[PDB]
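A.B. asks: If you count the sequence shown from 1, you need to add 76 to reach the entry's author numbering.
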Amino acid sequence: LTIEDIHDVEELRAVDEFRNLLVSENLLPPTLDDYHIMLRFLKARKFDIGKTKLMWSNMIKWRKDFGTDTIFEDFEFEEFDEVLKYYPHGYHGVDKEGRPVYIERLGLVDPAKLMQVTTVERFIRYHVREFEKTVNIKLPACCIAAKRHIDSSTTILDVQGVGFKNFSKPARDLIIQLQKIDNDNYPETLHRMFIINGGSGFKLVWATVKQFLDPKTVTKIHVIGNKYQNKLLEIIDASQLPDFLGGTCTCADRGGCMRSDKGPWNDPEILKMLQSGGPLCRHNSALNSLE
Ligand SMILES: CCCCCCCCCCCCCCCC(=O)OC[C@H](COP(=O)([O-])O)OC(=O)CCCCCCCCCCCCCCC
Ligand code: NI
Ligand code: NI
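1) List the whole-angstrom C-beta distance separating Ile147 from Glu208, where the pair is believed to meet the contact cut-off of C-beta under 8 Å.
2) Should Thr284 be labelled buried (16 or more other beta-carbon atoms within 10 Å of its own) or exposed?
3) Thinking C-beta only, is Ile232 closer than 8 Å to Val177?
4) Does the beta-carbon of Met191, which I'm using as the reference point, lie nearer than 7 Å to any heavy atom of ligand 1?
5) Rounded to whole angstroms, how far is the Cβ of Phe278 from the Cβ of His298, which I believe are closer than 8 Å?
6) Since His203 is in the beta strand (DSSP E), which residue starts that stretch and which ends it?
7) Is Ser352 buried or exposed, if buried means 16 or more other CB atoms sit within 10 Å of its CB?
8) Whether or not the region 198-214 and the region 236-243 are in contact is what I'm after, with contact meaning three or more pairs of Cβ atoms, one per stretch, closer than 8 Å; do they touch?
9) Below 8 Å, can you find three or more Cβ-Cβ pairs linking the region 181-197 to the region 338-348?
10) Three-state secondary structure (DSSP) at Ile312?
11) Please return the same chain residues whose Cβ sits closer than 7 Å to the Cβ of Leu289, not counting the five positions on each side in sequence.
12) In whole angstroms, what is the alpha-carbon distance linking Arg121 and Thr128?
13) Let's test the definition: count the other Cβ atoms within 10 Å of the Cβ of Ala217 and tell me whether it reaches 16, buried, or not, exposed.
14) Go ahead and label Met334 buried or exposed: buried means 16 or more other beta carbons lie within 10 angstroms of its beta carbon, across all protein chains shown.
15) Could you give the first and the last residue of the continuous beta strand (DSSP E) run that contains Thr107?
16) State the DSSP-derived secondary structure class of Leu266, mapped to helix, strand or coil.
17) Going by DSSP, what residues sit across from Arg181 in a beta bridge?
18) If we count the other Cβ atoms within 10 Å of its Cβ and call it buried at 16 or more, is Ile113 buried or exposed?
19) Can you list, in chain order, the stretches of the alpha helix (DSSP H) that have 4 or more residues and sit fully within the region 236-306?
20) Taking all protein chains shown into account, do 16 or more other C-beta atoms lie within 10 angstroms of the C-beta of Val281, making it buried, or fewer, making it exposed?
21) Have a look at the DSSP bridge pairing and note the partners of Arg224.
22) How would you label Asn242, buried or exposed, when you count the other beta carbons within 10 angstroms and need 16 or more for buried?
23) Touch check for the region 132-141 and the region 257-265: three-plus C-beta pairs under 8 Å?
24) Does the region 147-159 come into contact with the region 321-331, if we say contact requires no fewer than three beta-carbon pairs (one atom in each stretch) closer than 8 Å?
25) Which whole-angstrom value describes the C-beta separation of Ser228 and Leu182, a residue pair presumed to lie in contact below a C-beta threshold of 8 Å?
26) Please classify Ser352: does DSSP put it in a helix, a strand, or coil?
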């Protein structure tokens with residue numbers, strides 16, 4: 077099965093130079109020996125091979141120290157269902173370019189009740205486990221459904237009712253900690269973000285958060301007020317967009333759109349193409365063939 081995966085010659089040179097440096101210093105586990113993983117790290121450091129090797133080396137140590145490589149095996153987040161009740165978030169379908177749509181209803185987050193049911197350390201470990209699913213299962217599924225290389229998401233943050241008066245230091249510090257893990261270990265995995273239902277109270281939340289955010293990430297973020305429905309329908313088909321955001325989806329037989337995890341990674345035929353199907357990338361296939 078042929079997947080549209082255009083490789084730039086300049087990037088082909090840069091990525092293979094970077095890979096040879098990683099191999100020569102025993103920094104390349106075969107589980108991370110993918111053109112596209114290495115390209116995301118190079119892009120995050122503007123193809124500076126010295127800074128990228130440091131970034132890569134810190135990520136390897138991080139995965140060793142955090143236990144990321146055994147997190148599927150090791151971590152059972154048994155409070156999951158309770159957390160969802162006070163933190164509504166999920167993947168739901170794809171945008172018109174085939175990227176997964178990730179939603180959070182931050183207006184419906186109950187900070188007090190969330191800290192009764194979980195800890196910040198556990199929520200972060202859960203976040204890392206979901207990212208491992210996102211890069212190993214959900215994004216490759218999207219590659220197959222679109223017949224096109226996909227490795228980044230469209231995110232919607234619903235911030236209805238969120239104002240600066242009740243924007244707390246722990247809320248801010250969690251965002252910083254999540255972004256640090258994401259920038260350090262999962263770079264170039266956000267395509268764009270739409271922050272919707274921002275009231276006048278949100279203006280200072282956005283002001284303060286921008287002070288800590290990676291500036292390339294800020295350039296990918298669009299903050300919208302209450303009239304957001306048409307902008308989302310421009311970039312997401314109505315069938316892939318929950319009705320409460322202006323689409324036609326209800327996921328009625330699956331507990332509503334926020335609990336369905338709807339997307340091509342729920343399709344058994346697409347999942348079968350991931351587990352025991354051709355390699356998705358013709359350069360990895362060529363490298364693995366040659367070696
Ligand atoms: C009371 C609610 C507070 C409202 C907060 C206001 C938010 C302000 C805007 C946030 C800036 C986000 C920066 C860019 C985020 C980014 O790159 O990551 C997007 C990810 C999902 O990534 P992907 O896999 O979809 O690509 O998506 C994420 O995971 C990022 C979203 C940020 C997490 C929000 C956490 C809010 C804090 C919860 C409060 C409860 C804890 C209180 C403890 C006493
Ligand atoms: Ni739905
Ligand atoms: Ni490729």
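Note that CB positions come from ideal geometry on N, CA and C, so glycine has one too.
C.D. replies: Taking the coordinates as given:
1) Between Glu208 and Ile147 the Cβ distance is about 6 Å, and since that is below 8 Å, they are a contact.
2) Exposed is the label assigned to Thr284, since fewer than 16 other Cβ atoms lie within 10 Å of its Cβ.
3) A contact, by the Cβ cut-off of 8 Å.
4) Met191 has its CB nearer than 7 Å to a heavy atom of ligand 1.
5) Contact between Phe278 and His298 fails: their C-beta atoms lie close to 13 Å from each other, not under 8 Å.
6) Where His203 is concerned, there is no enclosing beta strand (DSSP E), although the alpha helix (DSSP H) it sits in stretches over 196-209.
7) exposed
8) no
9) Flag = no, the region 181-197 and the region 338-348 do not touch.
10) coil
11) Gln255
12) 6 Å
13) buried
14) buried
15) Premise fails: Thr107 is in no beta strand (DSSP E) and is neither H nor E.
16) strand
17) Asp234
18) Buried, by the Cβ-count rule.
19) 245-261, 279-286, 291-295
20) buried
21) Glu80
22) exposed
23) yes
24) no
25) Between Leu182 and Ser228 the Cβ distance is about 21 Å, and since that is not below 8 Å, they are no contact.
26) coil
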